[PDB]
Amino acid sequence: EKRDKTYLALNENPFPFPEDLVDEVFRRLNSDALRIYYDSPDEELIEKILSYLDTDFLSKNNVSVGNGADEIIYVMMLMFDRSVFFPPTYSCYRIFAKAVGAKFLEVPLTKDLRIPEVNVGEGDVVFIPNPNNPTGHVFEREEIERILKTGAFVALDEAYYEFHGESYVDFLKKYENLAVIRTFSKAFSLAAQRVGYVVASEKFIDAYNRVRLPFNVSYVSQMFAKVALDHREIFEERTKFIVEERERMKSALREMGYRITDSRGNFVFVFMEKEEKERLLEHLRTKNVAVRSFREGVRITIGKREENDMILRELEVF
Amino acid sequence: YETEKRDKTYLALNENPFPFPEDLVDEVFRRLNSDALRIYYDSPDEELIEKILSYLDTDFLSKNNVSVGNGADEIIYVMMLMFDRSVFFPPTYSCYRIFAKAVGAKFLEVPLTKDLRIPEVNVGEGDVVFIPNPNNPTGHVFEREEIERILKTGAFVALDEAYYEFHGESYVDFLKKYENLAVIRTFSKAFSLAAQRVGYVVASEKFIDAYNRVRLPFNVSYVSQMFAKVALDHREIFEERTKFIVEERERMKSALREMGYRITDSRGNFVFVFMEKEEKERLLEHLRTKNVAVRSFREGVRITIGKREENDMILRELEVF
């Protein structure tokens, strides 16, 4: 419960799915297909995905799909002896591994938000959300190779790719124990239609395809992803801003005297308080505002310009 | 890719013979709020699960005894993740063994009697016995006492009612006495909505409680629920398609019996015809010859009920044998 319009606690894109494309979806959907068991990754869908990644080596067999980016996570943890992530990370990593009955190990990130040091090992799968959530910061070239080199299978959660220039999807030219997970939930405003895709070695995809549900991505959902991909410039325009807006109020918070993460996502992270923030959380609530409460600060999602200025205003009267 | 078999006449996946009501498609997109797509729509819809109850038509069931999944499959899937051991009896739904392995759960397969009866297996609490009913692929129906038996052992019963619409009854009114039971349904067969993956679980508030704690939070898409919702608000249309199919079935069974074939009392949207291998295969290559696909099983073939003209065709072929 509770969403009284001004909600910035789930990294949801502020803009609704373009009405235009909504009309192009079923002006393309056959009412006769709805009755059969529609091919999970659509042969067309993958092709358009390949173009999106715009690489010169991967093919059809290096890409698969999942009911939201969540399913890829959920299933991977089922196919590895142990899942290891580094808090502060995606709160679900913990929830999922606990529901799957999987073996996991949480190792706190360094005070500098650097990757910790611990075991390694083939048979393990370590999740590295990059840019990280909720901090939003980015991991350096080396830190990822560090784990890759241990033999352990790394799972790069690049859900916030769009809001950050590059993605290490080129490590697939040199590593087989890697996988790049992504989604349309944030940059394409399709969070409601659950559509995610992973990218790895051919050995992993079918290995993956054998564990995931046979038909996990609906016919209609699959259309939205294709439609959205053929009008990506539209969304690549919505991003330019979210970034301009983000990196704008970041300077605004640094001004108000707040300590923030060098977030590179569709959100900003205001640090450290707790009973100061558990306080401002009470302040924002009487203002219908809603951010994401964490340990070591709160994470706020970049909404519309009015919502953005909102945050700053209410954040200075504190 | 397993479904690479899509021929002019496909009756191998128990799919519905007609496309989703055209008009009804324009209604799901009529009440489709564009601003919802950008958000994480609530797992089950308050309205959706409101409708289901309506459908379920009962007095004891409440918004808490029901839940949804990405198609009946995910319900089975997560279920094998909750219990220590799953127990099913072949011939049964093929994905029970596939998912059990995939997920990595401990299973036990115990063959049904020669009379399609559930044998006595000392199962008990901690185990989850899957019992599709009507069964797949025989399509036969198990008796009250047959299920209530296992139920009294302590074991959990996953009564898969994926073919309820084609069979009058349902053991939903069992939750009144038992809690170690859960009924599973789907919109894929009766509502030509198999491409939108939507299913629902009916069980004790304590079970739904757990389940929801194991399934992905946002497993059913906004539009998917939308399709299920409008579909339910016009069930009438579908009730008719179901009427047709069962009639088209019983008709098909009688024609087959007369032809001297050994069939089952299928109460689903398909017919099962036993065939002694070396004669069965001739039939397959003969059908694959006439561009016809039917699911092949150990004891015979499962023929899905299609459009009037398709069924008539099937009857014509099985006659020349």
# chains A, B, ... in the order shown; residues from 1 in each chain; ligands from 1
>>> select_by_dssp(residues="segment 79-315 of chain B", states="strand (DSSP E)", output="ChimeraX atom specification")
/B:85-88,106-109,127-130,156-160,181-186,199-203,270-274,292-296,300-304
>>> write_last_selection(atoms="N, CA and C atoms", output="tab-separated table (two decimals), in the first residue's frame")
chain	number	residue	atom	x	y	z
B	85	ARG	N	10.12	-33.00	-0.56
B	85	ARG	CA	10.02	-33.95	-1.65
B	85	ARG	C	8.69	-33.88	-2.40
B	86	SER	N	8.77	-33.96	-3.72
B	86	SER	CA	7.57	-33.92	-4.55
B	86	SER	C	7.27	-35.34	-5.02
B	87	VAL	N	6.00	-35.69	-5.06
B	87	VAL	CA	5.60	-37.03	-5.49
B	87	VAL	C	4.48	-36.98	-6.52
B	88	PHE	N	4.75	-37.48	-7.72
B	88	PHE	CA	3.73	-37.52	-8.76
B	88	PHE	C	3.64	-38.92	-9.36
B	106	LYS	N	13.92	-33.03	-4.57
B	106	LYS	CA	13.88	-34.48	-4.46
B	106	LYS	C	12.50	-34.97	-4.88
B	107	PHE	N	12.45	-35.90	-5.82
B	107	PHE	CA	11.17	-36.43	-6.27
B	107	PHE	C	11.10	-37.94	-6.28
B	108	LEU	N	9.89	-38.45	-6.45
B	108	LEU	CA	9.63	-39.88	-6.49
B	108	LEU	C	8.48	-40.08	-7.48
B	109	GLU	N	8.68	-40.94	-8.46
B	109	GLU	CA	7.64	-41.22	-9.44
B	109	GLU	C	7.06	-42.61	-9.18
B	127	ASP	N	6.09	-33.67	2.36
B	127	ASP	CA	6.05	-34.06	0.96
B	127	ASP	C	4.90	-33.32	0.29
B	128	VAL	N	5.06	-33.02	-1.00
B	128	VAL	CA	4.00	-32.36	-1.74
B	128	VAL	C	3.67	-33.23	-2.95
B	129	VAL	N	2.51	-33.88	-2.89
B	129	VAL	CA	2.06	-34.76	-3.96
B	129	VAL	C	1.31	-33.94	-4.99
B	130	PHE	N	1.73	-34.04	-6.24
B	130	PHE	CA	1.08	-33.32	-7.33
B	130	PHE	C	0.06	-34.25	-7.97
B	156	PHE	N	1.11	-32.87	1.54
B	156	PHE	CA	0.44	-31.72	0.95
B	156	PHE	C	0.00	-32.07	-0.46
B	157	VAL	N	-1.26	-31.78	-0.77
B	157	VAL	CA	-1.80	-32.08	-2.09
B	157	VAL	C	-1.92	-30.87	-3.01
B	158	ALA	N	-1.22	-30.95	-4.14
B	158	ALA	CA	-1.24	-29.90	-5.15
B	158	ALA	C	-2.18	-30.37	-6.24
B	159	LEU	N	-3.48	-30.16	-6.03
B	159	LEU	CA	-4.50	-30.57	-6.98
B	159	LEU	C	-4.47	-29.62	-8.18
B	160	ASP	N	-3.83	-30.07	-9.25
B	160	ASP	CA	-3.70	-29.27	-10.45
B	160	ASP	C	-4.96	-29.31	-11.30
B	181	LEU	N	-3.84	-28.77	1.52
B	181	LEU	CA	-4.27	-28.85	0.13
B	181	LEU	C	-4.25	-27.48	-0.54
B	182	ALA	N	-4.00	-27.48	-1.84
B	182	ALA	CA	-3.96	-26.25	-2.63
B	182	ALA	C	-4.45	-26.59	-4.03
B	183	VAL	N	-5.40	-25.81	-4.54
B	183	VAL	CA	-5.93	-26.03	-5.88
B	183	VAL	C	-5.31	-25.05	-6.85
B	184	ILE	N	-4.84	-25.56	-7.99
B	184	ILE	CA	-4.20	-24.72	-8.99
B	184	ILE	C	-5.03	-24.61	-10.25
B	185	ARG	N	-5.15	-23.39	-10.77
B	185	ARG	CA	-5.93	-23.12	-11.97
B	185	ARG	C	-5.12	-22.29	-12.96
B	186	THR	N	-5.68	-22.12	-14.16
B	186	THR	CA	-5.02	-21.35	-15.21
B	186	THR	C	-6.01	-20.69	-16.15
B	199	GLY	N	-1.87	-17.73	-13.91
B	199	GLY	CA	-2.50	-18.81	-13.16
B	199	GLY	C	-2.73	-18.41	-11.71
B	200	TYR	N	-3.50	-19.20	-10.97
B	200	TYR	CA	-3.79	-18.86	-9.59
B	200	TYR	C	-3.91	-20.04	-8.62
B	201	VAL	N	-3.50	-19.80	-7.38
B	201	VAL	CA	-3.53	-20.81	-6.34
B	201	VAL	C	-4.58	-20.54	-5.28
B	202	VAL	N	-5.27	-21.60	-4.88
B	202	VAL	CA	-6.32	-21.51	-3.87
B	202	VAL	C	-5.89	-22.43	-2.72
B	203	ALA	N	-5.65	-21.85	-1.55
B	203	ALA	CA	-5.23	-22.64	-0.41
B	203	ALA	C	-5.44	-21.92	0.91
B	270	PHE	N	-9.14	-32.66	-24.61
B	270	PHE	CA	-8.38	-33.56	-25.46
B	270	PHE	C	-8.87	-34.98	-25.25
B	271	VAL	N	-8.44	-35.88	-26.13
B	271	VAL	CA	-8.80	-37.29	-26.03
B	271	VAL	C	-7.52	-38.09	-26.04
B	272	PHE	N	-7.48	-39.18	-25.28
B	272	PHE	CA	-6.29	-40.02	-25.26
B	272	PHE	C	-6.65	-41.38	-25.84
B	273	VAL	N	-5.87	-41.82	-26.82
B	273	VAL	CA	-6.13	-43.10	-27.47
B	273	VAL	C	-4.94	-44.04	-27.39
B	274	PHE	N	-5.10	-45.12	-26.63
B	274	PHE	CA	-4.04	-46.11	-26.47
B	274	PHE	C	-3.77	-46.74	-27.83
B	292	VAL	N	-0.23	-33.09	-39.74
B	292	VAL	CA	-0.99	-33.09	-38.50
B	292	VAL	C	-0.07	-33.43	-37.33
B	293	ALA	N	-0.19	-32.67	-36.25
B	293	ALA	CA	0.64	-32.91	-35.08
B	293	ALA	C	-0.20	-33.22	-33.85
B	294	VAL	N	0.17	-34.29	-33.16
B	294	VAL	CA	-0.50	-34.71	-31.94
B	294	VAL	C	0.57	-35.20	-30.97
B	295	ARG	N	0.45	-34.81	-29.71
B	295	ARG	CA	1.44	-35.21	-28.71
B	295	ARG	C	1.51	-36.72	-28.56
B	296	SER	N	2.72	-37.27	-28.66
B	296	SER	CA	2.92	-38.71	-28.52
B	296	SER	C	3.36	-39.09	-27.12
B	300	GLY	N	0.17	-44.32	-25.83
B	300	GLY	CA	-0.60	-43.92	-26.99
B	300	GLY	C	-0.38	-42.48	-27.42
B	301	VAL	N	-1.46	-41.83	-27.85
B	301	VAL	CA	-1.39	-40.44	-28.29
B	301	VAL	C	-2.45	-39.58	-27.62
B	302	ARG	N	-2.12	-38.31	-27.42
B	302	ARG	CA	-3.05	-37.36	-26.83
B	302	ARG	C	-3.43	-36.46	-27.98
B	303	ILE	N	-4.73	-36.35	-28.26
B	303	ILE	CA	-5.18	-35.49	-29.34
B	303	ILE	C	-5.93	-34.30	-28.76
B	304	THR	N	-5.42	-33.10	-28.99
B	304	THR	CA	-6.08	-31.90	-28.49
B	304	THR	C	-7.31	-31.61	-29.34
>>> select_by_dssp(residues="segment 94-232 of chain A", states="helix (DSSP H, G or I)", output="PDB file with N, CA and C atoms, in the first residue's frame")
ATOM      1  N   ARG A  94      19.382 -10.903  -1.336  1.00  0.00           N
ATOM      2  CA  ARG A  94      19.230 -11.616  -0.080  1.00  0.00           C
ATOM      3  C   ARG A  94      17.880 -12.332   0.009  1.00  0.00           C
ATOM      4  N   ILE A  95      16.803 -11.626  -0.327  1.00  0.00           N
ATOM      5  CA  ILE A  95      15.461 -12.208  -0.273  1.00  0.00           C
ATOM      6  C   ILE A  95      15.337 -13.424  -1.183  1.00  0.00           C
ATOM      7  N   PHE A  96      15.837 -13.302  -2.408  1.00  0.00           N
ATOM      8  CA  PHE A  96      15.764 -14.395  -3.374  1.00  0.00           C
ATOM      9  C   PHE A  96      16.534 -15.643  -2.968  1.00  0.00           C
ATOM     10  N   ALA A  97      17.797 -15.473  -2.592  1.00  0.00           N
ATOM     11  CA  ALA A  97      18.627 -16.607  -2.204  1.00  0.00           C
ATOM     12  C   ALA A  97      18.036 -17.331  -1.001  1.00  0.00           C
ATOM     13  N   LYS A  98      17.265 -16.602  -0.206  1.00  0.00           N
ATOM     14  CA  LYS A  98      16.653 -17.168   0.984  1.00  0.00           C
ATOM     15  C   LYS A  98      15.383 -17.943   0.649  1.00  0.00           C
ATOM     16  N   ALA A  99      14.742 -17.577  -0.451  1.00  0.00           N
ATOM     17  CA  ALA A  99      13.525 -18.249  -0.871  1.00  0.00           C
ATOM     18  C   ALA A  99      13.892 -19.489  -1.674  1.00  0.00           C
ATOM     19  N   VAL A 100      15.016 -19.416  -2.372  1.00  0.00           N
ATOM     20  CA  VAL A 100      15.475 -20.524  -3.194  1.00  0.00           C
ATOM     21  C   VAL A 100      16.142 -21.611  -2.356  1.00  0.00           C
ATOM     22  N   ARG A 141      37.275  -0.986 -13.803  1.00  0.00           N
ATOM     23  CA  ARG A 141      37.773  -2.021 -14.706  1.00  0.00           C
ATOM     24  C   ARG A 141      38.323  -3.186 -13.888  1.00  0.00           C
ATOM     25  N   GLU A 142      39.333  -2.873 -13.083  1.00  0.00           N
ATOM     26  CA  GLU A 142      39.956  -3.866 -12.226  1.00  0.00           C
ATOM     27  C   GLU A 142      39.186  -3.839 -10.915  1.00  0.00           C
ATOM     28  N   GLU A 143      38.681  -5.004 -10.523  1.00  0.00           N
ATOM     29  CA  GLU A 143      37.886  -5.223  -9.316  1.00  0.00           C
ATOM     30  C   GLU A 143      36.930  -6.286  -9.799  1.00  0.00           C
ATOM     31  N   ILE A 144      36.595  -6.197 -11.082  1.00  0.00           N
ATOM     32  CA  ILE A 144      35.708  -7.153 -11.719  1.00  0.00           C
ATOM     33  C   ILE A 144      36.577  -8.266 -12.292  1.00  0.00           C
ATOM     34  N   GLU A 145      37.743  -7.891 -12.814  1.00  0.00           N
ATOM     35  CA  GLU A 145      38.680  -8.872 -13.355  1.00  0.00           C
ATOM     36  C   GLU A 145      39.249  -9.670 -12.181  1.00  0.00           C
ATOM     37  N   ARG A 146      39.303  -9.016 -11.029  1.00  0.00           N
ATOM     38  CA  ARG A 146      39.820  -9.629  -9.819  1.00  0.00           C
ATOM     39  C   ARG A 146      39.012 -10.890  -9.518  1.00  0.00           C
ATOM     40  N   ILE A 147      37.689 -10.769  -9.560  1.00  0.00           N
ATOM     41  CA  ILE A 147      36.812 -11.903  -9.292  1.00  0.00           C
ATOM     42  C   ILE A 147      36.806 -12.878 -10.467  1.00  0.00           C
ATOM     43  N   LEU A 148      36.710 -12.337 -11.676  1.00  0.00           N
ATOM     44  CA  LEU A 148      36.698 -13.157 -12.879  1.00  0.00           C
ATOM     45  C   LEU A 148      37.889 -14.106 -12.857  1.00  0.00           C
ATOM     46  N   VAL A 169      30.233  -5.450 -21.201  1.00  0.00           N
ATOM     47  CA  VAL A 169      29.732  -6.566 -22.001  1.00  0.00           C
ATOM     48  C   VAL A 169      30.785  -7.107 -22.977  1.00  0.00           C
ATOM     49  N   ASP A 170      31.913  -6.416 -23.049  1.00  0.00           N
ATOM     50  CA  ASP A 170      33.003  -6.821 -23.927  1.00  0.00           C
ATOM     51  C   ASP A 170      33.920  -7.824 -23.227  1.00  0.00           C
ATOM     52  N   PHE A 171      33.660  -8.126 -21.959  1.00  0.00           N
ATOM     53  CA  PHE A 171      34.491  -9.102 -21.251  1.00  0.00           C
ATOM     54  C   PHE A 171      34.123 -10.514 -21.716  1.00  0.00           C
ATOM     55  N   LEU A 172      33.129 -10.588 -22.595  1.00  0.00           N
ATOM     56  CA  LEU A 172      32.686 -11.875 -23.111  1.00  0.00           C
ATOM     57  C   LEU A 172      33.588 -12.349 -24.232  1.00  0.00           C
ATOM     58  N   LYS A 173      34.509 -11.484 -24.639  1.00  0.00           N
ATOM     59  CA  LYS A 173      35.472 -11.811 -25.678  1.00  0.00           C
ATOM     60  C   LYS A 173      36.618 -12.551 -25.002  1.00  0.00           C
ATOM     61  N   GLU A 202      27.588 -19.355 -24.662  1.00  0.00           N
ATOM     62  CA  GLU A 202      26.598 -20.283 -25.189  1.00  0.00           C
ATOM     63  C   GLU A 202      26.376 -21.423 -24.208  1.00  0.00           C
ATOM     64  N   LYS A 203      27.430 -21.793 -23.493  1.00  0.00           N
ATOM     65  CA  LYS A 203      27.350 -22.874 -22.522  1.00  0.00           C
ATOM     66  C   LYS A 203      26.421 -22.484 -21.376  1.00  0.00           C
ATOM     67  N   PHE A 204      26.387 -21.199 -21.056  1.00  0.00           N
ATOM     68  CA  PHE A 204      25.548 -20.736 -19.967  1.00  0.00           C
ATOM     69  C   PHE A 204      24.092 -20.528 -20.348  1.00  0.00           C
ATOM     70  N   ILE A 205      23.852 -20.014 -21.549  1.00  0.00           N
ATOM     71  CA  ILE A 205      22.489 -19.745 -21.991  1.00  0.00           C
ATOM     72  C   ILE A 205      21.564 -20.952 -21.981  1.00  0.00           C
ATOM     73  N   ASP A 206      21.945 -22.035 -22.648  1.00  0.00           N
ATOM     74  CA  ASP A 206      21.075 -23.201 -22.631  1.00  0.00           C
ATOM     75  C   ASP A 206      21.085 -23.775 -21.221  1.00  0.00           C
ATOM     76  N   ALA A 207      22.229 -23.689 -20.546  1.00  0.00           N
ATOM     77  CA  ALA A 207      22.317 -24.170 -19.172  1.00  0.00           C
ATOM     78  C   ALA A 207      21.234 -23.390 -18.435  1.00  0.00           C
ATOM     79  N   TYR A 208      21.121 -22.114 -18.787  1.00  0.00           N
ATOM     80  CA  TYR A 208      20.134 -21.230 -18.200  1.00  0.00           C
ATOM     81  C   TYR A 208      18.754 -21.591 -18.711  1.00  0.00           C
ATOM     82  N   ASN A 209      18.646 -21.731 -20.025  1.00  0.00           N
ATOM     83  CA  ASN A 209      17.375 -22.064 -20.646  1.00  0.00           C
ATOM     84  C   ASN A 209      16.765 -23.343 -20.097  1.00  0.00           C
ATOM     85  N   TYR A 219       3.512 -12.893 -24.539  1.00  0.00           N
ATOM     86  CA  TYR A 219       3.481 -12.447 -25.923  1.00  0.00           C
ATOM     87  C   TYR A 219       3.402 -10.923 -26.003  1.00  0.00           C
ATOM     88  N   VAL A 220       2.509 -10.342 -25.210  1.00  0.00           N
ATOM     89  CA  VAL A 220       2.333  -8.897 -25.188  1.00  0.00           C
ATOM     90  C   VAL A 220       3.555  -8.176 -24.623  1.00  0.00           C
ATOM     91  N   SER A 221       4.148  -8.742 -23.576  1.00  0.00           N
ATOM     92  CA  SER A 221       5.328  -8.140 -22.979  1.00  0.00           C
ATOM     93  C   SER A 221       6.435  -8.112 -24.012  1.00  0.00           C
ATOM     94  N   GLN A 222       6.583  -9.210 -24.741  1.00  0.00           N
ATOM     95  CA  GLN A 222       7.621  -9.298 -25.750  1.00  0.00           C
ATOM     96  C   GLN A 222       7.440  -8.281 -26.862  1.00  0.00           C
ATOM     97  N   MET A 223       6.204  -7.857 -27.099  1.00  0.00           N
ATOM     98  CA  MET A 223       5.956  -6.882 -28.153  1.00  0.00           C
ATOM     99  C   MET A 223       6.463  -5.519 -27.699  1.00  0.00           C
ATOM    100  N   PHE A 224       6.146  -5.162 -26.458  1.00  0.00           N
ATOM    101  CA  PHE A 224       6.581  -3.892 -25.887  1.00  0.00           C
ATOM    102  C   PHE A 224       8.089  -3.685 -25.969  1.00  0.00           C
ATOM    103  N   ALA A 225       8.849  -4.747 -25.708  1.00  0.00           N
ATOM    104  CA  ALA A 225      10.303  -4.679 -25.755  1.00  0.00           C
ATOM    105  C   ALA A 225      10.783  -4.416 -27.177  1.00  0.00           C
ATOM    106  N   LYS A 226      10.125  -5.038 -28.150  1.00  0.00           N
ATOM    107  CA  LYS A 226      10.502  -4.853 -29.545  1.00  0.00           C
ATOM    108  C   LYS A 226      10.112  -3.453 -29.992  1.00  0.00           C
ATOM    109  N   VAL A 227       8.882  -3.059 -29.675  1.00  0.00           N
ATOM    110  CA  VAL A 227       8.392  -1.732 -30.027  1.00  0.00           C
ATOM    111  C   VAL A 227       9.276  -0.655 -29.403  1.00  0.00           C
ATOM    112  N   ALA A 228       9.622  -0.841 -28.135  1.00  0.00           N
ATOM    113  CA  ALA A 228      10.465   0.117 -27.438  1.00  0.00           C
ATOM    114  C   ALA A 228      11.861   0.200 -28.051  1.00  0.00           C
ATOM    115  N   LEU A 229      12.364  -0.923 -28.557  1.00  0.00           N
ATOM    116  CA  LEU A 229      13.699  -0.949 -29.146  1.00  0.00           C
ATOM    117  C   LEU A 229      13.801  -0.299 -30.521  1.00  0.00           C
ATOM    118  N   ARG A 232      14.083   3.671 -29.732  1.00  0.00           N
ATOM    119  CA  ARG A 232      14.947   3.878 -28.578  1.00  0.00           C
ATOM    120  C   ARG A 232      15.416   5.309 -28.415  1.00  0.00           C
TER     121      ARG A 232
END
>>> closest_residue(among="A:91, A:193, A:119, A:83", to="chain B", atoms="only C-alpha atoms")
A:193
>>> interface_residues(of="chain A", to="chain B", cutoff="7 Å", atoms="only C-alpha atoms", output="PyMOL selection string")
chain A and resi 12-13+15-17+19+31-38+67+78+99-100+189-194+210-211+216+218-219
>>> atom_distance(atom1="atom CA of residue 85 of chain A", atom2="atom CA of residue 177 of chain A")
15.9 Å
>>> closest_residue(among="B:318, B:11, B:75, B:116", to="residue 138 of chain B", atoms="only C-alpha atoms")
B:116
